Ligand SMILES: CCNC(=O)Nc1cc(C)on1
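Next comes just one chain, in structure tokens: the form solved without this ligand.
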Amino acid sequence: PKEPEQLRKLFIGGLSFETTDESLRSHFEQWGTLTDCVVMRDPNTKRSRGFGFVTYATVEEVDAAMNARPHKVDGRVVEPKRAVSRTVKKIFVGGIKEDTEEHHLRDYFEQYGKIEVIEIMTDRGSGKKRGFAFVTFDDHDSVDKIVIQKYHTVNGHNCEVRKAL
């Protein structure tokens, strides 16, 4: 069974107006099989709108494409983003109770991306742990991967994870 197509599609912004379906495909096929690849154009002029979409056969291929950033396509560095995830670098992690420590969160989340800050929330008056935390990554794709997952188990706790603004 295939991963849902909606989780295999990347929005590609910042395109050169000279990029075509064919040149976009030729570039992004280097990181996987593309089941679809389109440059968005004006309906009347056919002039590029400066963005497009590529759909890979597997989520692993999406990951490979994102890990190969920065992508310079037809002379311009473009901006890939997962098209469906339901742009920030920070998550709320709730439900971690009082026994979850920084190393629990780091050991778990470091496989989603490079962590820059872990903030375990404590009570302003007592210093007791409040049972939630914030994790900041160096890049948004980590967060997009994280919030797409249905489940997050950290330190034996079933955690609620959301984007933090």
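The numbering used is simple: start at 1 and walk along the sequence shown. Only residues modelled in both forms are compared. Under this definition, the rigid core comprises the largest set of C-alpha atoms superposing within 1.5 Å between the forms.
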query	finding
Across other compared entries, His71 missing in at least a third	no
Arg86 dropped in a third or more of the other entries	yes
Stretch with the greater mean C-alpha B-factor as recorded in the entry, comparing 91-99 against 69-77	91-99
Which of 101-109 and 29-37 has higher mean CA B factor, as the PDB entry lists it	101-109
Residue, from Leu24, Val154, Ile146, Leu10, that the PDB entry assigns the highest Cα B-factor	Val154
Peak C-alpha temperature factor (PDB record), options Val54, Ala64, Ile120, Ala57	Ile120
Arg130 by Cα B-factor - lowest, middle or highest third of the modelled chain	highest
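Form deposited with this ligand bound: not shown, discussed below.
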| query | finding |
| --- | --- |
| Partner contact for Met40 in the bound PDB entry: this ligand, 4.5 angstroms, heavy atom | yes |
| In the bound PDB entry, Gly13 touching this ligand (heavy atom, 4.5 Å) | yes |
| Partner contacts for 52-66, taking this ligand in the bound PDB entry and a 4.5 Å heavy atom cut-off | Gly52, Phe53 |
| Structural rearrangement between the shown form and the other one, runs of 3 or more with C-alpha shift of 2 angstroms or more, core superposed | 83-85 |
